[PDB]
C-alpha cells in the first residue's frame, strides 16, 4: 500500500541503510539526483519535478527517517546523524560518480553535514526554503505586527512533554492544513485530496513523533554545524526562496553566501514556502536548468 501515487516509469522501493529500512521512489537514467523533502510532506512533494528531471538524470526521492514509509533512525534525529542515512543511500546508487542534491525545508538540515563532509561526492547543490541550522535562527521573531511569525513552530515542535504530538493528535488534518496555508501564498494548489494524503501520512503515530524529533534535535544540529562550517562548500550551489507570504525572501541566498563560494539565488515573487507545489513550473525550470549545466 503506497501512501502516494507513483509517477509512471518510477518504482517505489526500500533499502536497508545502517539497519534502517528507507523508502524511496526512483526513476530515470543518467547521473543521480537525490531530492529530499521537508516537514509536513514526503517524497511526493517532488512528484511533478521527478518525471521532467528523469529525462536527463536518475532521480531518487527518499522519505526522511520516520516519515512517509521510512523507518525511524536508530541513531537519532540530529542533522549529522540523519545525514549519514541519506549519504549512504545515495552512494548505493551512485558509488562511482558525484551526485546532485536538491533539498527543501528540514531536508536541508538533514543533508548539509554530509554535503560539507563529503564534498567530492556532491556535484551540484540546490537548497530551498529553510535556514541551515546556525546562530541566525535565533534572530527570527516570536511574533509580528501582522500576526503569527514564520518560525514560531521551531519552539512549538521542540517543546518537551510531547507537547506537539499531544495537542495535534486527533487534529492532524486540521493542524497540517493550517500550517500549510499559513506558510503559503498560493493555497489553491492544496486540494482536499492532497491535504488528505499528507495528513494521513504524518498522522501515523511514529511519523507524528518523528516530525517533531527533528526539531527537538535542532539546537544540537546548530552546535554540530558550528564546527562543520569551518569548511566552506566548494561545489556549484543554487538557492530558491519564495518572495510572498511564507517565503524566506533574501535570507536564503544571504545565508548561503556564508557557506558557499560558488552560489546563485532566486526569489520567486508570488510564491510562499511550498515551492514545488505553489510555484511548480518556474521552480522546476530553475532547478532543471541549474542541474543541466
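Numbering follows the first chain given and starts at 1.
A summary of the deposited B-factors shows that, of 7-15 and 21-29, the stretch with the larger mean C-alpha value is 7-15. Comparing the deposited coordinates for 228-236 and 44-52, the stretch with the larger average C-alpha B-factor is 228-236. For the set 103, 167, 151, 189, the PDB entry assigns the largest Cα B-factor to 189. Among the modelled residues of its chain, residue 66 has a C-alpha B-factor that falls in the highest third, as given in the PDB entry.
Among all modelled residues in its chain, residue 145 ranks in the middle third by Cα B-factor.
Among the modelled residues of the chain, residue 176 sits in the lowest third by CA temperature factor in this PDB entry. For residue 265, the recorded CA temperature factor ranks within the middle third of the chain's modelled residues. Ranked within its chain, residue 34 lands in the lowest third, by CA B factor from the PDB record.
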